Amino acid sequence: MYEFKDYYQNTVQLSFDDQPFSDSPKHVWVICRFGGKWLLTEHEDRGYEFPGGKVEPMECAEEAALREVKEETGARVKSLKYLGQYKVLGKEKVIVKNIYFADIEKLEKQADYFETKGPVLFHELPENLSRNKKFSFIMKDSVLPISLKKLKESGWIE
């Protein structure tokens, strides 16, 4: 497993094995690709980030991933695949977040994008994310570059 510190200096433990940290993760993160572009969402408080959020009680992590993509980008998922899992060792709470990769079929218009501004398309990620004020802190640590490198090696992208 990979171990590093996030943007707010909290310890993060990253793994690509099947749910090693928790049997039932309460958070999900979805890396979205629409054609040859990256599908992101603009959080009203955080900024540009890949879709994700909290898992509902009656809902499972896979169903929560599809729901969060639809809510934050208005996108229809063609295929959803589990990539890995990460644990965030916070100051007051420890969270377990599942990473999913989603190939996007289409973007449908919605009346409301909930707690986000809606879908944002990127041909390629800017340089460098860590010091970009328009981006969310969740995109600023090592979770994103390591996950993207694992997507290339698996043959899921390009």
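Numbering starts at 1 and runs along the sequence shown.
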property	result
Stretch with the greater mean C-alpha B-factor as recorded in the entry, comparing 120 to 128 against 38 to 46	120 to 128
70 to 78 versus 84 to 92 - which carries the larger mean C-alpha B factor in the record	84 to 92
Most elevated Cα B-factor in the entry, residues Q13, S136, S142, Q19	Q19
Highest-ranked of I99, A102, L107, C60 once sorted by CA temperature factor in the record	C60
Entry-reported Cα temperature factor of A65, expressed as the chain third it lands in	lowest
